[PDB]
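Below: one structure, written as C-alpha cells.
Just follow the structure's listing: the first ligand is 1, and inside any ligand the first atom is 1. Every chain is numbered from 1, with letters handed out A, B, ... down the list of sequences. What's counted below: heavy atoms across the whole structure, side chains too, no hydrogens, waters or symmetry copies.
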Amino acid sequence: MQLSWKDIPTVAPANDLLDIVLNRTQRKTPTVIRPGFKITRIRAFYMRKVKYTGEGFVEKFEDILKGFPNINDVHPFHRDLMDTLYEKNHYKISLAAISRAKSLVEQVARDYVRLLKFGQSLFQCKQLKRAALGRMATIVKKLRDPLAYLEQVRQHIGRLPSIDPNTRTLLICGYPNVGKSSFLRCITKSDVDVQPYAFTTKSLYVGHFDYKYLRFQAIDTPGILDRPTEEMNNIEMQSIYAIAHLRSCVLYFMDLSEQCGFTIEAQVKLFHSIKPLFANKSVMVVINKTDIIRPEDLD
Amino acid sequence: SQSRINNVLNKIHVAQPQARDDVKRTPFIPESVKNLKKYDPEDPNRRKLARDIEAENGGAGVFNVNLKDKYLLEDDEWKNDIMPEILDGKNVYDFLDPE
Amino acid sequence: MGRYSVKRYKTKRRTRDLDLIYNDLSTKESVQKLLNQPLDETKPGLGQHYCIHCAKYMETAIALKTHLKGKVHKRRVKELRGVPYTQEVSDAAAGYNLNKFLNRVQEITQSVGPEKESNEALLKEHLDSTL
Amino acid sequence: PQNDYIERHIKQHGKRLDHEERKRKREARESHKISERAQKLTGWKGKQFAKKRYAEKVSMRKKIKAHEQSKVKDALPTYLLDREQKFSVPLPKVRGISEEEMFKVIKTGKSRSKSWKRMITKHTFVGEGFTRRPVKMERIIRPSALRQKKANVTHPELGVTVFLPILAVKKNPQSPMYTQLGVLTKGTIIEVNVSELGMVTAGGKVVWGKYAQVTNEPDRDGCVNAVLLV
Amino acid sequence: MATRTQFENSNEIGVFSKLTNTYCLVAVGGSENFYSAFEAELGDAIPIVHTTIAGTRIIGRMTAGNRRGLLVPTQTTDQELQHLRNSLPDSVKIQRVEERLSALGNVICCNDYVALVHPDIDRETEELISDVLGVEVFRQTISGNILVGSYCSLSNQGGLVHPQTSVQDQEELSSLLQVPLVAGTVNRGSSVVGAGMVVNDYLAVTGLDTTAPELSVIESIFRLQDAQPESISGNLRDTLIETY
Amino acid sequence: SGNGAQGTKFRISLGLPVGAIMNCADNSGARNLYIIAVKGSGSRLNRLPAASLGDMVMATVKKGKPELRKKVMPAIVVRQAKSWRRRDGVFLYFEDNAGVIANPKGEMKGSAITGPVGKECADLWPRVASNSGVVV
Amino acid sequence: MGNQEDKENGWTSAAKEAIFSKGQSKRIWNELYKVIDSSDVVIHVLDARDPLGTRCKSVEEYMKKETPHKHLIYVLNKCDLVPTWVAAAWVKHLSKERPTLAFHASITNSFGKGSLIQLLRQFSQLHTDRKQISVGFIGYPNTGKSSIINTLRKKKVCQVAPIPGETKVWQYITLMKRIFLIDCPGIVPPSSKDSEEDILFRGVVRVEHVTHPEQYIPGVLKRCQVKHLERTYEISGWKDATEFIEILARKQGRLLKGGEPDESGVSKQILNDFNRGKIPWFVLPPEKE
RNA sequence: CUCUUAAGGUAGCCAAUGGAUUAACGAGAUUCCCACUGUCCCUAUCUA
Ligand SMILES: Nc1nc2c(ncn2[C@@H]2O[C@H](COP(=O)(O)OP(=O)(O)OP(=O)(O)O)[C@@H](O)[C@H]2O)c(=O)[nH]1
Ligand SMILES: [K+]
Ligand SMILES: [Mg+2]
Ligand SMILES: [Mg+2]
Ligand SMILES: [Mg+2]
Ligand SMILES: [Zn+2]
C-alpha cells in the first residue's frame, strides 16, 4: 500500500497553466526567424515551437495523472473514505478529462508538424504554428472546472492521516460529547480537539502508542446518530466505514449522566442499531464520566 | 494458518547447554562497576563527561584531546615524554627490552 | 622497461610464487587435492593434467608428458629445491629476527624438507605410471 | 499533522503579533505598487500587465452596471423549455491563385536535370477508391497529408456547426482544372453529407446531400470550414 | 542494561568499538560523543581507550579479546601497541599476532571461557589464542557462515546468532559454548549481529535503529536487567509472533 | 561521497575507467564485474569517469549465474592494480582489480569476501569491514 | 516477485538493444504506406514455419478500414521447410479469412508460380479498365518477397540475402505489360506482448548485433526437437543449453585462447542456422474441427 | 453451367539425389568475435 498521498505536484488552473506553458515555449525556444532565411530553417523553427509546446502540456498532464491515486486499486477502506470525501464519480471523470486532453494535445501536435512539412512561406508556417497553439489552448481552456476540483482534492487529500488497515487498531465510537477525543488525548499524543458541543470532530483522527513493545494505532471517529442509512450523512459515514472496514477492538463509549444531550436509552438503542457492524471484531463497552455518575447507583 | 510454523519455531526456540565437563563458568562484574552510580543527564551534581570538556574548551572538531592523560605509568611525570623511535638507522622498539 | 619484459611480467600476467608452490608440494593432502581436481569448463583440459611444480594446466596427458620430458620443467624443479626465501631470510640478512630465521631453517631441514621430497617422489612415480 | 492542522494551530496559538498591521500596510501599499509596476515593467510582461488591467476594469464596470440595474427594480412546449441548444453565394469573389502558387516543381534524376513533376501545395479531396499512379507516370502529386475527407459545416438556419464528410467537389472558382483535381480553396463549392441534419423534402424524401461553400484557407489554418447553402 | 547510540550516524557499534568486562576500546574519529556515550554507562570503573589500528577506525573488527587479554593483528604499529600497553593495566595481556586473517574481530568470537574461530586459522594462532585469552578453542561455522566474530555476539551469560541459523546448529553451538543461544536481528533487520552490537556481562550497546522487540530479545538473552532471565521468551512470544 | 559511505574520502589514484572489467571477490556467484559508471564522478569534456579503491560503481555481471546476469547493480571496489600512495609513506598496489556487489545503502549481497581488502575501502564501508576476513 | 523486488537492491535492467527495434523506423513505415497507396493488390507474405507469428494484423485492419477497394491476399512461402500436411492445414485455416496460396520461391525449381500468375491475370481482367495494376509485396523481414518476385520474373531482378533487411527501399518490376510488382522493405508492427526472444526467433534481426545469444539458446531447445538437433550437429547427451553449447563447441573446435569455448560465437551460429533453415522446425497448425 | 478451406499428430509420397542456401579462389563490397595495442582517458620522453 501507500497510506499517504501528500506527494502530488501543484495543479494549476486553466489560464495559469496556459500562461506557464506558453511563456515557457517563448523563453526556452529561440524567437528570431527571418523571411530571408531558407524555407527549411523556417519550417524547423515553427516545427520546434509546436512540438515543444505540445511536450510541455503533455508533461504537465502526466504529472497530474501519475500523482493521483487509483480509487479502484487502493484498499477498500481508503476507497470508501475517498468516495465519501471526494465523490468518486467526479474524481474519475476529472482524471479522465485530463487523460482525454493529453491525447488530444498529442494529436494536434503530430498533425500540425506533418502539415508544417509542406509550408511554402514564413507567413503560412506562422499561421500553421499559431493554429496549432490556439487549438491546444482551446483544449486546455475546456478543463477549467476539473482542474479547480483536482486542486482542491489534492490539497485536502495531502492532509489525510495514514491509517494502516492491517495493523493493530483500537477504534473509538459512540454518541457525540461522550469523551472519545478526551480518551484519545489520554492514551495517545494526538492533538484532537475537546469541546462540549456536538460534532466537534468532523474527520477521523489517529493516535499511536506501544503495548508490550508492539505498535498500536487508535482511531477516534466523529459521532454516530441513531438514524437509518438513507438519511445518514457523510460525516457519520466516515465512522460507519471505519467500523465496517477496520478489523479491530471497538470501544463504545456511554455517558450515563446525559451531559452529552442523549439519554441512556438512546445510547443503548444506538449500540443495538450498530450491533451488526462489529462482526468478527473485538467489542467492548466503556462507561465514561464516572466522576459525575456511577453505573452502580443507576435505576 | 499452517504456513508460519517453522519460521516462528526457529526463532522462538532458545537453545540450552548441557554439562560436557565439570568446569564452572561464572559471570564477572567488577566491584567498581557494581558500586557505580547511575548517570543523571539533568542533575546539578553529576560527572563532567568528555563531551562537556570538549564543549567548554573548543567544541567538536576544534578540541584537541590529550590521549597521554590516561596513561597508567610508574611516574606521572613520564606522561608527557616523547618516545624515541630512530637511532642511527635502527628501530628503538626492537631493541627495547627489560634486563 | 623494455617491451619484452614489460609484456611478460605485467601485473595482470603474473604467475604463482615459488614459496606458494613449495607449500603446495610440502603436504600430502595438498598434493592429493591438486591431483584430483573438480571438472572446470574454464580450464585447459577440464582442469585435469595439472603440473604442480610449474603450476600449469595442459590440454592433454600427452602434452603433460612432453612437458615433463623438458628442460623448462627441470628448471622449475631445480628452483624448487632449497629454502623457499620468504621475508625472514632478508630480515636475517639485514640482522633482524635471526633466531626466527634459524628456527625456520632447522624446521625446513628436519621436518618439512624430507616430507616434501617424498611427496615429490610419489608424485613423480604416479605421473610416470599413469602417463 | 492531520486534517486542518494549520487552522487548528491558528485557533490555538494565534498568528504572528504584527500580522494584521503588516497585512494592512501591504494592502495600503498596493496602489503605489500597481502604479510603479505599470510605469516600470517593460516588454512582454508590461504588455500582459496592461491587457490584464484593461480586462479587470471592464469586469468592474460590468459589475457596477449589473448592480445598478438590479437595484433599479420562442414559444417552446413544456418538455422543451428548461433546455438549451437572390441565388448569390456568400463568397461571389475570392483571391485569384496563379499556377505558380498552386504547383511546386519537383526535380528528378541523379543530377536533378528533369523538372516535369508538379506537387499541389493546397488541400485536396481525392474521393473514394483512390490509388496512386505509378511513379514513372505520376506527373501531378497530391500528398496524403494534404488530403481532406471532412469539413466543419455551419448551417445558417438553427445556428449550428457539424463535422460532415465530403462527397464531391463541384466548382473550384479558380479553374475547372482545379475542380477536376479536387483542390479545396476559399470559395470552392463542395458537396456534403447532411444525413445527421435531419432534412426532409416536402414530398417525404430524406435529404442526405447538399452544397456548401468553403469560407477559409485550409492551407493556412489546417482545417476546412464551410457554409451550407440553404 | 541495553543502550542505543551511534558512531557518527552509524549503527555499527561493533565495527567501531570493542567491549569486554574489564576495558573498552573506542575509535578516535571525530568528536567525543561516542566516548561520552560509553562513559555515561561505565563511569571510571573500567578503562576506556581511544585507539586506532593500522590507522583505521575499525577496531572492533580488527581486534579480539576478553577480560584477560587482547590480540591485535600484525598490521598494528609499534606506537599503537605501546599506546595500548600504556593505557591498559598489567592484568590485561597484549599480544600482536602474526596471522594471515588480519580481521581478528571477524574470525574470532570469544568470551571469558570459550572461543569459536575461523576453521582456516593457523595452529600457532590457535595456541596463541589459548595462551593469551585463556580459553578453549573450537573451529566452527555458524550454520555454514564463516566469520563467527561478525555473525555472533557472545558473553558469559548468553549469545545471539544470525537469524539464518538452524535449530540443530543452535543446539550444537550451545553445547559447545555452554551458554543459552537465540537467533534474531539487530539494527532493524541486520543479520550482522556481531558487528551490529557490543556486549559484556552487564552492558549492551546497539544502534539507534534497533527496535523495541529486538532490544527486549537482547536483554532477555544477555540477562542484563535485574529481572531479565532467558526464560521470558514464553512471555515475549506474543510480541515476537506479531513482530516476525 | 556516496550513500552509505562513512565519512569523507581522500583522493586515490584512479585505476578503473569505464569499460574496465574486474574480478568479483564476494560469494554471490558472479565471476567478474564490468564497470559502466562511477558514482560521484565529475563532469569534463572527453574525460572518462574512472574509479579507485573504495569507490562505488554501477556494474553488469559478464561471467556468473544467468539469473545474476543482464542487470545493473552497485559495486564497491576493494582491490586495484594501480599503485596509490598511503599517507604513512609508501606507494602500494595489488595483483588484480576486484570488487564486491552491494546495494545503494552499501550492504553486501554475499556473506564473505575472499582475498585481501584495502584499508581505505574497509574503513570507508562498515559492511565491507564486517564481511572481510583479510584487511591488507 | 518481479519488478518491485528488484529496485530495493538497486538492480536495474540493462538498456534495451537498438537492434531489436529494426523494422519499426519512420523511414520504413513511410515506404510501406507509399507502396500500399500505390498498390491495387497487396500480397501479404507469411512464413510457413510461423505464419501466425509473421502476420501484420494492424496493417490488415488499416487496409480493411481505410482502403477497402484494395485486394489483400496471403502467400504462404517456404512451404518446402514444413511437412506437406502442415502446409495443407495452414492453407485451410488461413483460407477461412483470406485467399491463401502455398508457395516455394526459387528461380529454377519453384512451386506455385503458375497459380500466382493466373491469379494476377484474373485480377488484371477484373481491372481491365485501369490500363495497369500494381501488386505490392508486404510482410515480415526475410519472409521472401524479393525471392517471390524473382521467381515470377524468372530472373534475379531483386537482391536477395539470408540476412534480414536486404531490401531497403521500394522497387518497381514489370511482370507483364499491364502488371507491375512493387518490392517493399520488411516491417515489424510495434507490440508490448512480443518480447525480444519472439522478435529474434521470427528472423527479424541480425544475430551479430545481439549481446548474449546464450540466453536465447534455450528458446532454440524448446522450439526444436532433440532428435533433429542431434542429427544436425552429430552430437548427443546434453541436459541443458550450456552443455549443448559446450559439446558443440568442443566438437567443432570453436575454442578461444586459454581453453574457454566460444559460447557467443557458437550460439550466434546456432541462431543463424535456426533462422536460415538448416535445423528443421515448425509451429503446430490449429486443431482440426 | 461450373471453379477455391478435400490432405493431419515433428517429416511424406513420387521419380544416390531432390540441388543456385554451389566447393575452391579474390590487393572486390560488408557485419561480428578472440588476440592485441598511445585509437582514446592524457599526454610525457628519446634519436636523426
Ligand atoms: N527454403 C526456402 N528458402 C527461401 C524461400 N524463399 C526465400 N528463401 C530464403 O530466405 C531468405 C530471405 O530471402 P529474401 O528474398 O531476401 O526475403 P525478404 O523478405 O525479401 O527479406 P528482406 O529483403 O531482407 O526484407 C533468402 O536467403 C532466401 O534464400 C523459400 O521459398 N524456401
Ligand atoms: K534478406
Ligand atoms: Mg470528538
Ligand atoms: Mg569528445
Ligand atoms: Mg527483399
Ligand atoms: Zn612442470
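Nearest N/O/S atom of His73(C) relative to the Zn ion (ligand 6): this is ND1.
Distance check for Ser146(G) against the K ion (ligand 2): none of its N/O/S atoms falls below 3.4 Å. Contact annotation: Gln159(G) places no N, O or S atom under 2.8 Å from the Mg ion (ligand 5). Here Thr167(G) meets the criterion, with an N, O or S atom under 2.8 Å of the Mg ion (ligand 5). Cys54(C) lies close to the Zn ion (ligand 6), since one of its N, O or S atoms is found at a distance under 2.8 Å. Among the atoms of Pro162(G), none of the N, O or S atoms falls under 3.4 Å from the K ion (ligand 2). Put simply, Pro141(G) stays out of reach of the K ion (ligand 2), with no N, O or S atom under 3.4 Å from it.
In this structure the side chain of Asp24(C) never reaches within 4.5 angstrom of the side chain of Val31(C), judged on heavy atoms. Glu115(C) is not listed as a side-chain neighbour of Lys28(C), based on a closest heavy-atom distance of 4.5 Å or more. Taking the side chain as every heavy atom from C-beta outward, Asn150(G) and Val160(G) approach each other to under 4.5 Å.
Here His67(C) contributes NE2 and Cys51(C) contributes SG, and at the Zn ion (ligand 6) these two atoms make an angle of 100°, given to 10°. Annotation: angle subtended at the K ion (ligand 2) by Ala161(G) O and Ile163(G) O is 90°, to 10°.
When the shell of 6.0 Å around NZ of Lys7(C) is examined, it contains more than 12 heavy atoms from other residues, nucleotides or ligands.
Of the possible polar contacts, one joining the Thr109(C) side chain to the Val105(C) backbone as a donor-acceptor pair under 3.5 Å is found.
Relative orientation of the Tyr233(G) and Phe244(G) rings is perpendicular, given thresholds of 30° and 60° on the angle between their planes. Taking the six-membered ring where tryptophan is involved, the planes of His73(C) and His67(C) are perpendicular, since the angle between them exceeds 60° and thus also 30°.
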